[PDB]
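Q:
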Amino acid sequence: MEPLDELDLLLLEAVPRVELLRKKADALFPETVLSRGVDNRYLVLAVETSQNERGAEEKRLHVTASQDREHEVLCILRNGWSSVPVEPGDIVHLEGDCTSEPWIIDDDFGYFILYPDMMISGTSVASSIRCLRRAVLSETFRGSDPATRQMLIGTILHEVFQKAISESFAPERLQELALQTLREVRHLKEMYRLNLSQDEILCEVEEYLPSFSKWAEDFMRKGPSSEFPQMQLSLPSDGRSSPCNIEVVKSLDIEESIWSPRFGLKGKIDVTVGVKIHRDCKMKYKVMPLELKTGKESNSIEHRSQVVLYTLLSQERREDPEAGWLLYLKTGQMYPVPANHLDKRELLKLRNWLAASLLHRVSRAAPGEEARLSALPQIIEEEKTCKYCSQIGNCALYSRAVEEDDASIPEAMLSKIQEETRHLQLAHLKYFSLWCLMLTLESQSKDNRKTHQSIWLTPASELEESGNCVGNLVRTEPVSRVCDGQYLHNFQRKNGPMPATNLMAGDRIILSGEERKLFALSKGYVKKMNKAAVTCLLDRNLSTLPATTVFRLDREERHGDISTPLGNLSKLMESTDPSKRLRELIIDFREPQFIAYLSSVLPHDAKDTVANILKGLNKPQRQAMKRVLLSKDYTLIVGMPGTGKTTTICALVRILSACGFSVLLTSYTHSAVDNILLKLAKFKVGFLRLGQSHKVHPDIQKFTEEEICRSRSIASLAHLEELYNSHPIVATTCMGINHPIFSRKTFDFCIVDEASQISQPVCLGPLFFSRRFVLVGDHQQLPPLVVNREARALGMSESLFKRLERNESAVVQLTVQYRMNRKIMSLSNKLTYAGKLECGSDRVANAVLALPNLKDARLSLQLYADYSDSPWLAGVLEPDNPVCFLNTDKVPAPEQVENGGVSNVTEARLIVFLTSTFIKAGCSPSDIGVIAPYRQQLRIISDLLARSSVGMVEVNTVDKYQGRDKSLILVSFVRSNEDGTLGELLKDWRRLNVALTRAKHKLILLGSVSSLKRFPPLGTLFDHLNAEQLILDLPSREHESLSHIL
Ligand SMILES: Nc1ncnc2c1ncn2[C@@H]1O[C@H](COP(=O)(O)OP(=O)(O)O)[C@@H](O)[C@H]1O
Ligand code: SF4
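Per the numbering used here, residue 3 is the first one in the sequence shown, and the count goes up by one each step.
Structure follows, in structure tokens:
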């Protein structure tokens, strides 16, 4: 903007601007429908402040509930509402009634719900009264309130009381309930975690119990209504003065789980109760929310506010209860909490700021330029609140790693921040700060930002046709229990039939009812799947309204996955000796040490056993074992394809075991960890498997903590502790580091399988409990998946394995492979592994595809085709031609583009033929893998294969094929285009590599050389394929052979 002239012409003034905001809201809230009435969703278009009275702020909002940009509705926020931080492009909901006419919301009328699909927990909202920062930090570093003793006592009491209210408050029965519940594995675990006495906890819990009885005698007495406790309860309901008499009749519901699209609130109502309010000689009956509190009898604002929010939650399910109850089990003293409009308003205003703070996490600085982490809500001046925070750790830490001549942040706190973060170096802070930034961006990616609107706005049918919304279902079969909050249910349709789609038994599913009034309820996972019925395990028992009730099941999306990574990052920053050690080895790249071999590096007694184990192993394997044994810090085992990383890890574990080391065995997937374990079972090496026995492989389930417990009926801290110390080897996944075992045990060694696939901050986790570690991986194979472009660009896809690989001292390669025949090996060897792979034997080397009856299959195919078009088919089927590229050039084989995805029906039809041929040539479908790069193309190939009713071969992307192999791999590359649209995906070297290494005996590759050559990995492949003349050009679709397929 120089000349007079630019200024002139740079004067704008609506249409691209309005549309750019629709894009803006779609970034964070994809597919927000926009609506009128009860569940209104309005898109903000314009925001300004004005002056009424004199010096009185108003906020002038221009909003729309429709996409046609002439449906503009005006809106004025007054008093405290005017200060809510709405910018344009936000999605809002006016719960202050209306939509009929929004106009004015102020002190005395209306609620404004900023980012309504963002359902924040009321407890976090209450927390933020005192400190908004503390709340945000709570929401995001979820583990930095460690489980205290009181929290344990707290849970136990809540639970006893819930059990009591459905039964009796008679002291012997309360004592019984206390006795039973103190023995539940769940609580034993926590006692274990906290190294507490079982009996001491029992004792402490027992002292509360007479209060339980006093309360029940007071309120649940069944006498004259004169004689119930007497208090003022000023409701909406007309007349609100004069005392009245309170009778709790029954508990109606316990742990009522409520999600509010209306207020952007979620909550769990401890106990829902039937209450009779007695008024002179008349009575009113109200279903009301009661919160149990295990601390001091504070009647704090936090505590009351909580209950106020529970009243709002309630409206999602029933009539507005107007008030709620605080119990304080310590004393048996119930307090009324009335939902005043002032409260409901004050809290919902504060709730907005919380939603804003949790959403406005990455800053541009110039709408388009590189990312920053947005600074959190500022540090308070209330130096008393601070004192006892626990979040102070992360607060000081977030401050120092992301802050700003200034500060002017309280100087009694400015020193605490330094005490807390004096142990850390600049590198460390930089590392923390970046890893958050990356994680946040990843978390905020559009894909993992879908709202629950599908569940509560569009009904059952419209959604079942795809994705997952199975829903016209009733239950009648009695609900079984399993343990605590894992109830087994059984559902099927009204009247008769009805379908399936993408709803595979194992899936995370959310179970709502029919009507909007029964949304949320219970969440869980699927057990089995008939097309007559559906069994799933849930956290809630669901009796309350039988028969009449229709239920919808739906899918899900986390992203708040980022809690675990964030945890590990926070733990890394702690000043403990293990965290220092990891800081230096990881952040500071301190060189790992290895000692030189001596006679007694191993316990004398281990040596025969170790020598035997070694003698089983190929040389680089032995070299690997040596490096681990000589390690002082860590070892990196490179598991090149087919080299037997599962056989190797088992061997290491056997050697370490023989040496009298404790080993923590971890991986990314349950499958991978279980595979190693299955091998170890054979060798009769003992181990305990942590994790959920349904996610654990069938034959390992016997070794599970879950199974062992139920099996051997473990009902004492000592017997649980016995099980925990029963095995030197403990096996879990990288995510399962939250187990109470890691509160109390450390290990000589941690081993991480698939270290190269696991995201770096996740991989970090099990290491905190290990003295020396071993990462197993191959960076030539797939990296951790990083969806967000920008994040990927900052280094987010660098596995911990690769990071540490820059110390070659620590790296040992597994190079002798047992998967590929020399021809198939030769490929990946020339392309990727710089000639380092060798065959495990001549057997492996010379193996060609098992095809028992080519003879009559070659004939049956000539019943339409030709023998004079042997060019390809003969070269394709010939087992002695193990590598083969089929060029879809002289037949046109065009790609089709449909909404983000790519397909190719020519290639699809082509491989489906080839598959059918090879099964008919005697290769079983089980031994066959189909690989395509495009999600969309896989669908087409599955369909076409079902059409040919040969369905037993798997079609998939490389991801779902890592460290598995098939005897015959077939690859449709799908890209085939005029000379334009060029993938990002095919450009990837590693993905190609995985594709070329899944095949044992026959590899078949199919795509258009013309367009494929434009991708470097493919370009180079074509070069090596030309040297051996392995490209075979397909004839025209006209030609006799192809004609009948197309
Ligand atoms: N040192 C070795 N000597 C002989 N065969 C081996 C050796 N290491 C691995 N193998 C073979 O290689 C194959 C691959 O190992 P396996 O653990 O079954 O799957 P993967 O290692 O590919 O996960 C096995 O069938 C195994 O017999
Ligand atoms: S420490 Fe004080 S300021 Fe930092 S979060 Fe906790 S409360 Fe808010």
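C-beta: ideal position from N, C-alpha, C; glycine also.
At the level of alpha carbons, what is the spacing between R264 and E97?
A: 7 angstroms
Q: Could you pull out every unbroken alpha helix (DSSP H) segment of at least 4 residues lying fully inside the region 628-685, listed in chain order?
A: 647-660 and 672-684
Q: Which of helix, strand or coil does DSSP assign to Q420?
A: helix
Q: Kindly indicate which three-state DSSP category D1035 falls into: helix, strand or coil?
A: The answer is strand: DSSP assigns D1035 an E or B state.
Q: Counting beta carbon pairs with one atom in the region 637-645 and one in the region 803-821, are three or more of them shorter than 8 angstroms?
A: As far as the Cβ criterion goes, the region 803-821 touches the region 637-645, which means the pair count is three or higher.
Q: Give me the residue from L679, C841, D868 and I564 with the minimum Cα distance to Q762.
A: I564
Q: Would you identify the three-state DSSP class for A341, choosing helix, strand or coil?
A: coil
Q: Please tell me whether, using a cut-off of 7 angstroms, the distance from the CB of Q623 to the nearest non-hydrogen atom of ligand 1 is below it.
A: yes
Q: Run through the DSSP bridge pairs and tell me what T735 is partnered with.
A: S669
Q: Run through the DSSP bridge pairs and tell me what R1016 is partnered with.
A: According to DSSP, which records beta bridges pairwise, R1016 is partnered with nothing at all.
Q: Counting C-beta neighbours from all protein chains within 10 Å, is the total for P245 16 or more, i.e. buried, or is it exposed?
A: exposed
Q: Taking buried to mean at least 16 other C-beta atoms within 10 Å of its own C-beta, is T650 buried or exposed?
A: buried
Q: Given this structure, state the Cα-to-Cα distance separating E708 from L574, to the nearest angstrom.
A: 30 angstroms
Q: Does DSSP put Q494 in a helix, in a strand, or in coil?
A: It is a strand residue.
Q: Between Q420 and ligand 2, is there a pair consisting of the residue's CB and a ligand heavy atom that are separated by less than 7 angstroms?
A: no
Q: Quick check: what's the CA-CA separation for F591 versus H430?
A: When the Cα atoms are used, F591 and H430 turn out to be separated by approximately 11 angstroms.
Q: Would you mind working out which of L722, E464, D755 and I597 sits nearest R746, comparing C-alpha positions?
A: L722
Q: Using C-beta distances below 7 angstroms, list every residue in its chain close to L1032, excluding the 5 sequence neighbours before and after it, in chain order.
A: Counting only Cβ-Cβ distances below 7 angstroms, and skipping sequence neighbours, we find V885, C886 and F887.
Q: Residues near ligand 4, CB to any non-hydrogen atom under 5 angstroms, in chain order?
A: No copy of ligand 4 occurs in the structure displayed; its ligands are ligand 1 and ligand 2 alone.
Q: Using a Cβ-Cβ cutoff of less than 6 angstroms, which residues in the same chain neighbour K922 once the five nearest sequence positions on both sides are dropped?
A: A859
Q: Give every residue of the same chain whose Cβ lies closer than 7 angstroms to the Cβ of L436, excluding the five residues on either side of it in the sequence, and list them in chain order.
A: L796
Q: So does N901 have its beta carbon nearer than 7 angstroms to some heavy atom of ligand 1?
A: no
Q: Would you call the region 119-130 and the region 154-162 touching, i.e. three or more CB-CB distances under 8 angstroms?
A: In the pairwise beta carbon analysis, the region 119-130 is classified as not touching the region 154-162: fewer than three pairs are separated by under 8 angstroms.
Q: Measuring only the C-alpha atoms, how far is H781 from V996?
A: If you draw a straight line from the Cα of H781 to the Cα of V996, it comes to about 11 angstroms.
Q: To the nearest angstrom, how far is the alpha carbon of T578 from that of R585?
A: 11 angstroms
Q: Check the C-beta distance from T537 over to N570 and give it rounded, since I have them as a contact under 8 angstroms.
A: With a Cβ gap of about 36 angstroms, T537 and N570 do not count as contacting.
Q: In the DSSP output, which residue or residues are listed as bridge partners for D556?
A: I512
Q: Among all the DSSP beta bridges, which residues are the ones paired with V49?
A: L63
Q: Which residue comes first and which comes last in the alpha helix (DSSP H) that contains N570?
A: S565 to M575
Q: Spell out a yes or no on whether the region 505-514 and the region 522-529 are touching, meaning 3 or more CB-CB pairs, one atom from each, closer than 8 angstroms.
A: yes
Q: Within a Cβ cutoff of 8 angstroms, which residues of the same chain sit near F171, ignoring the five residues on either side of it in sequence?
A: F214, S215, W217, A218, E219 and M222
Q: Sorry if obvious, but does the Cβ on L619 come closer than 7 angstroms to a heavy atom of ligand 1?
A: yes
Q: Can you tell which of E321, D109, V75 and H95 has its C-alpha closest to the C-alpha of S85?
A: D109
Q: What residues are listed by DSSP as bridge partners for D255?
A: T274
Q: So, for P1019: in the same chain, excluding its five sequence neighbours on each side, which residues have a beta-carbon less than 6 angstroms away from its beta-carbon?
A: Counting only Cβ-Cβ distances below 6 angstroms, and skipping sequence neighbours, we find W991 and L994.
Q: Which first and last residues belong to the alpha helix (DSSP H) in which residue 1050 is found?
A: The structure shown does not extend to residue 1050, since the chain spans only 3 to 1048, so no value can be given for it.
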